[PDB]
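Q: Sequence and experimental coordinates follow.
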Amino acid sequence: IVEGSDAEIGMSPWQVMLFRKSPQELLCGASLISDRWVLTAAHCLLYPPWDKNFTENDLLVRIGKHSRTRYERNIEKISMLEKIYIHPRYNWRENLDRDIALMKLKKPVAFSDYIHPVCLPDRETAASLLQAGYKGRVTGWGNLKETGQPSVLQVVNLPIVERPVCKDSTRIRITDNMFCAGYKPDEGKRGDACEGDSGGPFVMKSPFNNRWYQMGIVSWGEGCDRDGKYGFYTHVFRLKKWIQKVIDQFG
Amino acid sequence: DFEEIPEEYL
Amino acid sequence: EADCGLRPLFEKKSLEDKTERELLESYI
Ligand SMILES: Nc1ccc(CNC(=O)[C@@H]2CCCN2C(=O)[C@H](N)Cc2ccccc2)cn1
Ligand SMILES: *[C@@H]1O[C@H](CO)[C@@H](O)[C@H](O)[C@H]1NC(C)=O
Ligand code: NA
Ligand code: NA
């Protein structure tokens, strides 16, 4: 996260770290959506241009974390993966269309002050909240600058941007399965997700019921925090029928 | 670098 | 989950984090 700040303790209790077993390193962010299911970006698991194709046994999920590098004894919980599910129409060839994946844990994780699931939006919450100017919150342990790495989880609040402005900011083909967020050059304020924040959540706190909903997944950007560029996020609601199909079939 | 995690998690 | 999106250290104890108001103010 570029131009963000340290998270408060328990601020994002759905935050998940995807962790490579060997070598031991951060792979991505992710989010907890139930006691057995974690949501992330498909490119965190499968990206052939970079020879990335992880299997279940390659990976761990670390839940309840705040420090990036510490083993947070008695706080974090570490889970093994039973199965990965990647969207069948995930477009790794071109533009990361449908950049979404689910991971089922081998065993349920115990909730705590530090570990708690985020809600997924329904149609009405998404329609109400996914509006230009409305701000969401992005969190992660990724790079602090485009060109180091944080001691603890970083957070930044960013406004959703009008679709024509998103489209006009890039040569990449944008789809309805994406939205973009970030400040415009004339708005002064700054901030973006960056490499290493992939797969983490873009959340919004509904003013109707005071619950946090995950509207997006960190997907892509061209550089990080560049003037005139925006961060692109997987549109969770648009892909929720697939999420529900996987959980209903394999839960 | 990352602090080693308990071996039980492999 | 019926309890989703309600944080133990914030919503569950009626405490606000330091920047959630910025989100609320943007929801016009
Ligand atoms: N500001 C940022 C920057 C990076 C990230 C994390 N995500 C990635 O790094 C992804 C994974 C695949 C490549 N990539 C990129 O984002 C490429 N820079 C653009 C691209 C976009 C689409 C297709 C190919 C390429 C989030 N926020
Ligand atoms: C990725 O890995 C699996 C094997 O573990 C393989 O079946 C698949 O063809 C690989 N490449 C993809 C999905 O592009
Ligand atoms: Na209300
Ligand atoms: Na920007």
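A: Received it, and whenever you're ready, just let me know what you need. Numbers count the residues shown, from 1 in each chain, chains lettered A, B, ... in the order given. Ligands and ions are numbered 1, 2, ... in the order given.
Q: centroid residue for the chain?
A: All of this refers to chain A. With distances taken as C-alpha atoms, centre = their mean, the residue of chain A nearest its centroid is residue A:200 (2.0 Å).
Q: The chain in question should be chain C.
A: Ranked by distance to the mean C-alpha position of chain C (C-alpha atoms, centre = their mean), the top residue is residue C:11 at 5.4 Å.
Q: quick one: the residue nearest to the centre of chain A and residue A:28 touch, right?
A: Yes - using C-beta atoms under 8 Å, residue A:200 and residue A:28 qualify as a contacting pair, with a distance of 7.4 Å. For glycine as for every other residue, the C-beta is placed from the backbone atoms N, C-alpha and C.
Q: ok, now which ones touch residue A:125?
A: Under the criterion of C-beta atoms under 8 Å, 6 or more residues apart in numbering or on different chains, the contact list for residue A:125 reads A:206, A:208, A:213, A:237.
Q: what separates the second one from ligand 2, distance-wise?
A: From residue A:208 across to ligand 2, the span is 40 Å (C-beta to the nearest ligand atom, to the nearest Å).
Q: And the last one, by the same measure?
A: Distance check for residue A:237 against ligand 2: by C-beta to the nearest ligand atom, it reads 26 Å.
Q: again, but for the first one
A: If you measure residue A:206 against ligand 2 using C-beta to the nearest ligand atom, the figure is 36 Å.
Q: For burial, what's the neighbour tally of that residue?
A: 18 (other C-beta atoms under 10 Å in any protein chain shown).
Q: Surely it and residue C:4 touch.
A: No - contact between residue A:206 and residue C:4 fails when scored by C-beta under 8 Å: they sit 11.2 Å apart.
Q: what do these two both touch?
A: In the contact map built from C-beta under 8 Å, 6+ apart, the residues linked to both residue A:206 and residue C:4 are residue A:212.
Q: show me what contacts whichever residue of chain C sits closest to ligand 4?
A: Distances from chain C to ligand 4, computed as C-beta to the ion, single out residue C:26 as the nearest residue at 17.3 Å. Contacts for residue C:26 were tallied using C-beta under 8 Å, 6+ apart; they are A:133, A:134, A:135, A:159.
Q: Out of those residues, name the two that are farthest from one another.
A: Spatially, the most separated pair among the contacts of residue C:26 is A:133 and A:135, at 7.8 Å (C-beta to C-beta).
Q: what is in contact with these two at once?
A: When contacts are counted by C-beta under 8 Å, 6+ apart, the set common to residue A:133 and residue A:135 consists of A:159, A:160, C:26.
Q: Need the phi and psi values for the last one.
A: Backbone torsions of residue C:26, given as degrees, to the nearest 10, read phi -80, psi -10.
Q: Please tell me how far it sits from residue A:41.
A: 25 Å (C-beta to C-beta, to the nearest Å).
Q: contacts with ligand 1 among the shared contacts of residue A:133 and residue A:135, please.
A: With C-beta under 6 Å from any ligand atom as the criterion, no member of those is in contact with ligand 1.
Q: Those residues into TSV, with extra columns for distance to ligand 2?
A: What follows is the shared contacts of residue A:133 and residue A:135, written out as TSV (distance: C-beta to the nearest ligand atom, whole Å):
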residue	distance to ligand 2
A:159	35
A:160	32
C:26	39
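Q: Redo the contacts of residue A:125 as TSV? Include distance to residue A:80 and secondary structure.
A: Output for these, formatted as TSV (distance: C-beta to C-beta, whole Å; DSSP: H, G, I helix; E, B strand; the rest coil):
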residue	distance to residue A:80	secondary structure
A:206	33	coil
A:208	37	coil
A:213	28	strand
A:237	29	helix
